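Presented below is the structure to which this report refers.
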Amino acid sequence: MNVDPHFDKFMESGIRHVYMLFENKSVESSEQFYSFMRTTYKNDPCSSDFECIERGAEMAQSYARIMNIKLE
Amino acid sequence: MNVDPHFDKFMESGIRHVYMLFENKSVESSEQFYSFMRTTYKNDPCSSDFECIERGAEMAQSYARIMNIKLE
Amino acid sequence: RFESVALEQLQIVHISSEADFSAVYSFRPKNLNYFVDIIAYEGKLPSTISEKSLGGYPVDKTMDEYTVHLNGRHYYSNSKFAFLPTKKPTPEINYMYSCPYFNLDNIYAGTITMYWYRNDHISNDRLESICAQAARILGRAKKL
Amino acid sequence: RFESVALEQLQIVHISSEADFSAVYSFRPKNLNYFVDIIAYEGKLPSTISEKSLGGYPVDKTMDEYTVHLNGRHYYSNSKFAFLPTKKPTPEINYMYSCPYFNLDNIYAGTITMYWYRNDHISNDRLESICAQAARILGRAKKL
Ligand SMILES: [Cl-]
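Residue numbers (the authors' numbering), protein chains in the order written: chain R, 24 to 95; chain R', 24 to 95; chain T, 77 to 220; chain T', 77 to 220. A prime marks a further copy of an entry chain.
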């Protein structure tokens, strides 16, 4: 894939650890989650696969917490 | 002074180690040297006094070399 | 537009720090810094300030935060809130962490600040990174 | 405007690396990368390319540089110049170092590359930092 592999691991970690738990998935909720993940990664790109996976989980969890998104 | 102290040490190092050696100081040569120093520092701000002094010398020296500026 | 950058960076700082309340402060007039405004905030306002009167607060330059910032260091405290636009002591705030940001000509132009009402917050080393990244990007923006 | 950012970052990379010749390469069409253009350069052009014909060169994706970049790594070599717009081997070049940059949607969009004709250059660790800083900033810019 033509994608930044560090962003991709970062994004996939956020998806599989957090976003997949969203109770009410929709177009709008996916657009807002990606906009946050992309802006955050573009602000400070991670450099290790291990750190990208770590930071994609943490960041998505914080987004879920601070945004009060229904999980389970 | 109201100035970024890391930029100030970085800039003063470039001035005292390199710019002061310019054979033909003028308004234009000072404007071009500052524009390079500021853009470079804004690109990657140094974080230690010691590194700022180091990097202000090196960067100004490279600017003098690559720009073929008459020294002595 | 400058506050577009300010609000976008603040949203990131807020979420990554998991603060209860966050703000970007802007000094005026340029190079003189007699006044400070909140030009962007996230979370719940402290009770001692309102959505009105978030601008035009005087700057006390003898406060530790001002001088620590000009020494190129971040500032934290449990009880000193220098630029918060009120003289009321506001004990509901348990903790504040801030860093300076500098404008395109490297002049001290404001701060990025996070506050907690709860008493649990992540380490200062993580707060240092979150804040410095945003200051680096805010430091590259202009005023249309 | 994008090349305003490109040319400003390139000027910094050129001076800090002390390269003999430097360039920013841009892929087209977006996401497909069949062609690569030099949209900015510093220093003396190699003799095997001219100020005309700096755009529209085909991209060989089986070249090591392309695949190394998509593995998230910088690339260097003494003899493989994949995107240099000529098939001539150009032995006057002693060394090349490049890093990828990615557009606002994280798609491989081009490279930042430095070349030396002399055989002395600073370490790859210093070249890594110079290149990564510029890629980080170029990666935040758009196309008007
Ligand atoms: Cl950066």
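We treat Cβ as the ideally placed atom computed from N, Cα and C, and that holds for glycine.
Short CB-CB distance (under 8 Å) between residue i and chain T
i                      : result
residue 86 of chain R  : yes
residue 50 of chain R' : no
residue 39 of chain R' : no
residue 27 of chain R  : no
residue 34 of chain R  : no
residue 61 of chain R' : yes
residue 89 of chain R  : yes
CB contact below 8 Å: residue i versus chain R
i                       : result
residue 212 of chain T' : yes
residue 216 of chain T' : yes
residue 88 of chain T   : yes
residue 168 of chain T  : no
residue 152 of chain T' : no
residue 191 of chain T' : no
residue 78 of chain T'  : no
residue 146 of chain T' : yes
residue 110 of chain T' : no
residue 173 of chain T' : no
residue 206 of chain T' : no
residue 188 of chain T' : no
C-alpha distance - residue i paired with residue j, whole-angstrom precision
i                       : j                       : result
residue 90 of chain T   : residue 118 of chain T  : 7 Å
residue 56 of chain R   : residue 42 of chain R   : 8 Å
residue 168 of chain T  : residue 116 of chain T  : 21 Å
residue 28 of chain R   : residue 90 of chain R'  : 37 Å
residue 159 of chain T' : residue 135 of chain T' : 7 Å
residue 164 of chain T  : residue 155 of chain T  : 11 Å
residue 81 of chain T'  : residue 180 of chain T  : 16 Å
residue 119 of chain R  : residue 87 of chain R   : Chain R is shown only over 24 to 95; residue 119 of chain R falls outside these bounds and no answer can be derived.
residue 77 of chain T'  : residue 216 of chain T' : 12 Å
residue 26 of chain R   : residue 84 of chain R'  : 38 Å
residue 107 of chain T  : residue 218 of chain T' : 32 Å
residue 83 of chain T'  : residue 153 of chain T  : 43 Å
residue 184 of chain T  : residue 104 of chain T  : 11 Å
residue 58 of chain R   : residue 182 of chain T' : 12 Å
residue 93 of chain R'  : residue 130 of chain T' : 32 Å
residue 39 of chain R'  : residue 178 of chain T  : 24 Å
residue 213 of chain T' : residue 138 of chain T  : 36 Å
residue 166 of chain T' : residue 98 of chain T'  : 15 Å
residue 53 of chain R   : residue 66 of chain R   : 20 Å
residue 72 of chain R'  : residue 70 of chain R   : 26 Å
residue 162 of chain T' : residue 141 of chain T' : 16 Å
residue 46 of chain R'  : residue 95 of chain R'  : 6 Å
residue 80 of chain R'  : residue 109 of chain T' : 40 Å
residue 37 of chain R   : residue 88 of chain T   : 15 Å
residue 102 of chain T' : residue 220 of chain T' : 15 Å
residue 201 of chain T' : residue 79 of chain T'  : 27 Å
residue 60 of chain R'  : residue 44 of chain R   : 49 Å
residue 147 of chain T  : residue 114 of chain T  : 23 Å
residue 68 of chain R'  : residue 78 of chain R   : 24 Å
Residue-chain proximity (residue i, chain R'), Cβ-Cβ < 8 Å
i                      : result
residue 92 of chain T' : yes
residue 84 of chain T' : yes
residue 178 of chain T : yes
residue 114 of chain T : no
residue 200 of chain T : no
residue 142 of chain T : no
residue 101 of chain T : no
Cβ-heavy atom distance, residue i to ligand 3, below 7 Å
i                      : result
residue 140 of chain T : In terms of ligand content, the structure shown lacks ligand 3 and carries ligand 1 instead.
Assumed close pair residue i, residue j - CB separation to whole angstroms, cut-off 8 Å
i                       : j                       : result
residue 100 of chain T' : residue 86 of chain T'  : 5 Å
residue 145 of chain T' : residue 204 of chain T' : Between residue 204 of chain T' and residue 145 of chain T' the Cβ distance is about 14 Å, and since that is not below 8 Å, they are no contact.
residue 34 of chain R'  : residue 63 of chain R'  : That belief does not hold up - the Cβ atoms of residue 34 of chain R' and residue 63 of chain R' are roughly 10 Å apart, past 8 Å.
residue 75 of chain R'  : residue 48 of chain R'  : At roughly 23 Å, the Cβ-Cβ gap does not stay under 8 Å, so residue 75 of chain R' and residue 48 of chain R' are not in contact.
residue 133 of chain T' : residue 157 of chain T' : The pair is not a contact, with the Cβ atoms about 11 Å apart (cut-off 8 Å).
Cutoff 8 Å: residue i Cβ touching any chain T' Cβ
i                       : result
residue 98 of chain R   : No information on residue 98 of chain R is available, as it lies outside the stretch 24 to 95 that chain R covers here.
residue 56 of chain R   : no
residue 73 of chain R   : no
residue 45 of chain R   : no
residue 105 of chain R' : For chain R', the structure presents residues 24 to 95; residue 105 of chain R' sits outside this window and is missing.
With a threshold of 8 Å, are at least 3 pairs of Cβ atoms found where one atom belongs to the segment 190-206 of chain T' and the other to the segment 79-99 of chain T'?
yes
Can you confirm whether the segment 196-215 of chain T touches the segment 166-181 of chain T when touching is taken to mean that 3 or more C-beta pairs between the two stretches lie within less than 8 Å?
yes
Closer than 8 Å is the cut-off here; do at least three beta carbon pairs connect the segment 204-215 of chain T with the segment 116-133 of chain T?
no
Just to be sure I understand the criterion: a residue counts if its Cβ is closer than 6 Å to at least one heavy atom of ligand 1. Which residues meet that?
T:212, T':212
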